[PDB]
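Structure 1 and structure 2 below are the same protein chain in two forms, each given by itself as structure tokens.
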Structure 1
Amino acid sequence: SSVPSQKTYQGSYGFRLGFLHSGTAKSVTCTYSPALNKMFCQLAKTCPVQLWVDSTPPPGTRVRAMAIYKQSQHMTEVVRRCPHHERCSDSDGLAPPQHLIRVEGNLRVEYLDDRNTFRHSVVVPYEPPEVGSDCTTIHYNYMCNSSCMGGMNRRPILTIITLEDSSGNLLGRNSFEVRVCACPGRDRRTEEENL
């Protein structure tokens, strides 16, 4: 009955998150609202998330991504893929069909199905930024819509990004709310006005 911690912890490496600009077009596949600290994106579409640090983490460091429900009444509930989509061939072989969050582009990804908590998570090795670039970029895939009956079922989620040493010890944490939908741009504008 333990809800993973979601408190911002820049840590010793000064860990921060970065996203890409995308405006509010309806053809936009992923857009992030600084105002809401919430990413709006579509099913199975690429979601770039940027890792920024002030000091370089020693190789052997990992980056974990995990989804938890945002509402207090559901926090203890495990976030998973609805049955309908578990029964779909989109399985790239690497990712267990029950995982909401996936990583594309990286061949060293591991999937954790936590025997004690029962939560799902996807982790990859930490890699320094690319030369000529100030940040490591990981590409995430959300395999269900926020509305999926049987899955997220309309409940908003938070994605927690964790920086860990090889032994799993916390080095840093950040997080952002996510809404997987048909019109990311449209929904971003709608929600930003609602403030």
Structure 2
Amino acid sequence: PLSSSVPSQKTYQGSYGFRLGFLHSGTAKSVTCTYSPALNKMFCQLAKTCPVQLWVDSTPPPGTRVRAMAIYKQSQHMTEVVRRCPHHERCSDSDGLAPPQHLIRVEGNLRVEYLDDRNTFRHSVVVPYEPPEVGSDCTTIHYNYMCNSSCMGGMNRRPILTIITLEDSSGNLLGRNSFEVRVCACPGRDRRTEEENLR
């Protein structure tokens, strides 16, 4: 329900020069995931693939992990745990790995780990960090968001932030970045609309 704490959202590139990257996908009607650099905001469709790129200047130590966590973007809602609405929580869309209440899933990684924090009650999802493939400059993780922003009983039209943290095997934070998310039926159109408020 309510958490007694709120995760920090402060960008931290750290010693390994950690940044996020996104595909430059544009805003055509078919696009299922598109990122606004001006808004630092991902627009994506429910349950579709959202590529998030990890960029580092140097290789993290062995055993490093990558955690994703959602919080409400507006400070007034930040103590409220981000979770799926009742409708989606009960629907039959289980992949056999993710808890039904969790908003954020990782796709295509059998080493995915999900956490219900016993103290803060927040949900998160973790994968081992892996260096880029040969000929590549970044590591891609495929996320899925399993509720719409408009889902009542869940996000209730409230914007969220995804916080990505790079975590080492001794408990230190190696890096952190974040981006706003809107999960919606028409990411391309919605991105143009929201960017129109600029200019």
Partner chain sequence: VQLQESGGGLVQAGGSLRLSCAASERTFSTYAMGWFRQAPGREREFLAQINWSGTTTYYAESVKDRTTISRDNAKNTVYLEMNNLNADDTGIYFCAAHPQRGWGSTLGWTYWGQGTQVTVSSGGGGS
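Residues that one form lacks are left out of the comparison. Every residue number counts along structure 1's sequence, beginning with 1. Superpose the two forms; the largest set of C-alphas matching within 1.5 Å is the rigid core.
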Problem set entry | Identity of the form solved without the partner chain, given as 1 or 2 | 1
Problem set entry | Rigid-core-fitted C-alpha displacement of residue 66 between structure 1 and structure 2 (angstrom) | 0.2
Problem set entry | Shift in Å of the C-alpha at residue 89 between structure 1 and structure 2 after core superposition | 1.2
Exercise. Keeping the rigid core fixed, what distance in angstrom separates the two C-alpha positions of residue 169 between structure 1 and structure 2?
Worked result: 2.1
Problem set entry | Moved residue ranges in sequence order between structure 1 and structure 2, Cα 2 Å or more, at least 3 long, core fit | 167 to 169
